[PDB]
Amino acid sequence: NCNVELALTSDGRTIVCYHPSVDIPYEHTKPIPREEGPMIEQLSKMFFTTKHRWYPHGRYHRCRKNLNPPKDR
Amino acid sequence: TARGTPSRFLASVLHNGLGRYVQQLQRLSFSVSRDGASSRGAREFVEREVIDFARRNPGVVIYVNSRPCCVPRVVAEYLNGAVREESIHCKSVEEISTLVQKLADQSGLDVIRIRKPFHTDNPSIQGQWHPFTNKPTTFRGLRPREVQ
Amino acid sequence: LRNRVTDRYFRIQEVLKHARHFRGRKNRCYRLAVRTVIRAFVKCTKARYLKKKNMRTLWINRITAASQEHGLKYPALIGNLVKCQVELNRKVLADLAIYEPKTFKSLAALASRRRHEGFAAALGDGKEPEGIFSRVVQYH
Amino acid sequence: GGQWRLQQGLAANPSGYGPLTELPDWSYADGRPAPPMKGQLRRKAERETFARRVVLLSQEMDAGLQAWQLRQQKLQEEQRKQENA
Amino acid sequence: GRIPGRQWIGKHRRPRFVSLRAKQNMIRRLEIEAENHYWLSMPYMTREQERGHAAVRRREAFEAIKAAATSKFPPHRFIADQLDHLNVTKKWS
Amino acid sequence: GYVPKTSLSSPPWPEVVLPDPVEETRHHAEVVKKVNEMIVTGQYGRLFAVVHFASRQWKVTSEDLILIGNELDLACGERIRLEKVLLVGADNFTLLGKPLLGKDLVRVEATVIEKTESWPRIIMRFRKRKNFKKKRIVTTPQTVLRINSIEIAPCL
Amino acid sequence: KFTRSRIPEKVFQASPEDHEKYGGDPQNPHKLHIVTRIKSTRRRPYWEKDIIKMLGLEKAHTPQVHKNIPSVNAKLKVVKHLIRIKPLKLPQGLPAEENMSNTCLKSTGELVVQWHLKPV
Amino acid sequence: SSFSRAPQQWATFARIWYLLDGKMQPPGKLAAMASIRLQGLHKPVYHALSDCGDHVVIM
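Protein chains in written order, with full-length UniProt numbering: chain G, 44 to 77, 104 to 142; chain H, 2 to 149; chain L, 10 to 149; chain F, 24 to 108; chain R, 10 to 102; chain B, 49 to 204; chain P, 35 to 154; chain X, 2 to 60.
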């Protein structure tokens, strides 16, 4: 994707760039259409992750996790 | 260290600079001792400087007690309810004066680690990046290897 | 015993409050706590330098990503934004890449155009006019 | 990129001398200039000392050359006055 | 392969080879130092012209050093310090 | 002079011609004029600005906060015109200087929120078997600024 | 053994080709040197360390003014591989007392006596 | 821009599927393109903790 308009100013001290947004054309669009081991295996295959992420952790790790973390924005 | 200490994101108290700056310190509670030696600088501060400090910023209300509960100490109370209890034990007059001026100039938020040196509510004005910002569209929007 | 330490509890607890989040007897026993806490404080002191280094490599990776998706490379964009006297650092360039992509598109186009002006000037040696965006603003 | 900056006469480091580091960072809303930053005060002192040393060394070597010319000229005068009587 | 004693000491030492940036770095140091040879190749005065032109400044610089070294004497002592130590039990009346 | 169509004959990079500066400076003049109309007619929303304050560049917008690691020598609540703006952009256009924008063109104005110090930071030195252990506690002063306004003038 | 090095006079004789290469002329030599340390005095002998400490070149990458006399040239010839030497060119004269606070040193060597920051 | 918080985050951090032709190519250059895409190093949002990798289908 490349379409912007650059222009050095008259005295040549600032660079003015102009860049409107490219809107998606209507013609480029589609219409809207209208156990325990096996559980880890099924979740791993459905989310494309390893099995190791799905086994639980002990109580020591469950307690250090911050329960009201600082939230920004 | 920082992995043992808590942390917070940088913020103001109540949007303190948009419309008007409001003095975020609410009270100061000096508790000097009359016949004392650790409160020598405290008595110097009370005799010399607390009048000028109380006139310099009238948004704070300053209580001075004699024969304290514990030692010469200052108890700064802020608008968000936070209470900072500093001790002026065995401090001279100028150290007490600059500590009080420090207490007047800060907000009640904790002095724990601040995660970012900046905090923007609306960080993107042209629209935050998603993987389709710079990909071009296709004839009727067909993904690769589609027959029709 | 004429005078002996009545105060040692607060010495131990002065060190120990920094070891509470450790694992095993490092968080209780004071020999192990002093060893590991001194180790952790030295690690913090060196990790400031490593923090600045790692932040810079992160900005370099983000600028490289968002310059590859315009066809450029990282050294082209950095070396040609210098030659326009655009003295933006890496932090700002990476954050413009992340949040504000039309400005990074404009910067990539400026870097590419200054690159092409540099190519035309360097290949065409001799008395030739210099390019427009390759103009240098002098400071005295 | 700071090897190209030397070929333009600019500083190698953009944080060196230039408009980024030798203008005031801030000014009041009224328009009053700020009390100057202490980096510029230190840097002006270093620049002053450099110029003072340039002036002093130039004056010293100029006076040394002039003194040598008077030594040679007085030497030849005393020799010519020993070429008499 | 095994190098017997230690990599960079001894009889059989570890092989090191010179890359291209190593050569180019040595080259640019060589160019800087050759330009230094140039700027040292043209003195402005000779030895008999320079003789004694900075004698006065060098002598007064040593006289400043000498008068700093030979003024090393104990500080004064005042009454007001001792009585300002009396002030440590000031009370309110 | 002539080399036939061969794999190493033509460059792999695509040939590009730069336009000669006559119609290019005409194009530049019309673009600068039209951006100047967008500025004077209020065709911008809120503005962002890369601003070189104390020793580092900040992506500053309106209504927001900055932490600075030094005394600024100002009591709390006074406003500030941050000079050394060095990029200012909107939803549709940017203006970036060489290396700065002029003081007649961008006004960025900030307020001093608070004057704190940092959290107590640890400086600990330790060389092993040499009995080398030193500890220092530092608290660096900090000021937090509220950027109030980034307005722009139609001088191009 | 490794001993202090004498550099023969014949390398410090400027050729006309070098006069064409660098911006120097044999008659009318430059008045002052700008010497800068670009290389560390560790893993150098004690005499080179001494001469760097005693030409005022403690800090690397700082400009330092010295005379163009054969004694300073002798010291600089001892330490000519740790330093970079350029001539102090003066486009205006040496600064008068009113102009001397508002001076500057460009990286090309010149000491301008009018230091502005506004564009041309 | 002007999205709600959850869809904007979902749009930023979603992973994409890239088809990669593999006829007459060396395995190393295909591996370069594939590993750059898999670590998420082709994204300005990239971080090693964020797990912003994508799917690559080398046929």
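Ideal placement from N, C-alpha and C gives every residue a C-beta, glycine not left out.
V91(L) counts as buried, since at least 16 other C-beta atoms from the protein chains shown sit within 10 angstroms of its C-beta.
By the neighbour-count definition (other C-beta atoms within 10 Å, threshold 16), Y58(L) is an exposed residue. Runs of the beta strand (DSSP E) spanning 3 or more residues and lying entirely within the segment 94-147 of chain B occur at 96-101, 104-109, 112-116, 127-130, 133-137 and 141-145, in chain order. Within the segment 134-155 of chain B, the residues whose Cβ lies closer than 9 angstroms to some Cβ of chain G are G137, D139, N140, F141, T142, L143, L144, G145, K146, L148, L149, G150 and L153, listed in chain order. Between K114(P) and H46(R), the C-beta spacing is below 8 angstroms. Taking all protein chains in view, the Cβ of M35(R) is surrounded by fewer than 16 other Cβ atoms within 10 Å, so the residue is classified as exposed. Taken in chain order, the whole beta strand (DSSP E) runs of length 3 or more contained in the segment 34-61 of chain H number zero.
Every alpha helix (DSSP H) of 4 residues or more that sits fully in the segment 106-143 of chain L is shown, in chain order, as 110-132. About 14 angstroms separates the CB atoms of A57(F) and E157(B); that is not less than 8 angstroms, and the two are not in contact. For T159(B), the uninterrupted beta strand (DSSP E) run begins and ends at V154 to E165, by DSSP. Setting aside the 5 residues that flank it on each side, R44(L) has no residue in the same chain whose C-beta is closer than 7 angstroms to its C-beta. What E78(L) touches in chain X, judged by beta-carbon distance under 9 angstroms, is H43, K44 and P45, going in chain order. Here the segment 86-97 of chain B does not lie against the segment 131-149 of chain L, with fewer than 3 beta-carbon pairs under 8 angstroms apart.
Three or more Cβ pairs closer than 8 angstroms define a contact, and the segment 150-165 of chain B falls short of that threshold against the segment 110-130 of chain L. Annotation for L110(H): no alpha helix (DSSP H) segment contains it, and DSSP assigns it neither H nor E. Close to chain L, meaning a Cβ-Cβ distance shorter than 8 angstroms, are the following residues of the segment 5-25 of chain H: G5. Against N70(L), the close residues of chain X are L42 and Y47, in the order they occur along the chain (beta-carbon pairs closer than 7 angstroms). Counting the other Cβ atoms within 10 Å of the Cβ of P74(G) gives fewer than 16, which makes it exposed. Inclusion of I161(B) and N17(H) in the CB contact set at 8 angstroms is warranted, their separation being smaller than that value. Ranked by Cα distance from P79(P), the first of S141(P), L124(P) and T37(P) is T37(P). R15(R) sits in coil when the DSSP states are folded into three classes, being neither helix nor strand.
Per DSSP, reduced to three states, the secondary structure at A50(G) is strand. When the Cα atoms are used, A68(F) and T137(P) turn out to be separated by approximately 11 angstroms.
Inclusion of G145(B) and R133(G) in the CB contact set at 8 angstroms is not warranted, their separation being larger than that value. Look at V88(B): its C-beta is not under 8 angstroms from any C-beta on chain G. Using a CB distance below 7 angstroms, the part of the segment 60-77 of chain G facing chain B consists of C60, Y61, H62 and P63, ordered along the chain. Under the criterion of beta carbons closer than 8 angstroms, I119(P) and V45(P) do not qualify as touching, at roughly 15 angstroms.
For the C-beta of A38(H), the chain R residues within less than 7 angstroms are, from N- to C-terminus, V97 and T98. Residue-level contact by beta carbon holds for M54(R) and chain F, with a gap shorter than 8 angstroms.
When DSSP states are grouped into helix, strand and coil, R29(L) belongs to the coil group.
Rounded to the nearest angstrom, the Cβ distance from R28(H) to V62(H) is 5 angstroms, consistent with a contact under 8 angstroms.
When DSSP states are grouped into helix, strand and coil, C132(G) belongs to the helix group. One thing to note: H27(L) has its Cβ within 8 angstroms of the Cβ of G5(H). Within the segment 110-126 of chain H, the residues whose Cβ lies closer than 8 angstroms to some Cβ of chain L are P124, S125 and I126, listed in chain order.
As a beta-bridge residue in DSSP terms, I63(H) pairs with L29(H).
Here DSSP, grouped into helix, strand and coil, assigns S81(F) to helix.
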